[PDB]
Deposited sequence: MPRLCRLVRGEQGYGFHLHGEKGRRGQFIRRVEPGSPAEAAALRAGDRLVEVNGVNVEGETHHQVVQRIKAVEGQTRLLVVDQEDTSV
């Protein structure tokens, strides 16, 4: 089920990699980072940024939303670990 992660930026950044396919996914979370502290996980799909649904938006749009409030972001994410193929 989706869950909320509340991040406070560090000096370098948040410490995650966003990778776009369509959907945006957290491809990597840096050890010891704000992202890790917030319990963001690699593989999470990003559903909302700061309370706004981003499903359908481009990668650039979503990155802009993450940057929009200096220093903090809240990410509603869903970790999918089941897929029938």
Take the full deposited sequence, match it to the modelled residues, and report the stretches without C-alphas. 22-24
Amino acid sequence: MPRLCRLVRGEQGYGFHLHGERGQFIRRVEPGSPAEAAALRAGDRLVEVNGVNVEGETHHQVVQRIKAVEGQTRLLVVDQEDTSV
From here on, numbers count along this sequence of modelled residues.
For the higher mean C-alpha B factor in the entry, choose 10-18 or 61-69. 10-18
Is the mean CA B factor in the deposited entry higher across 38-46 or across 52-60? 52-60
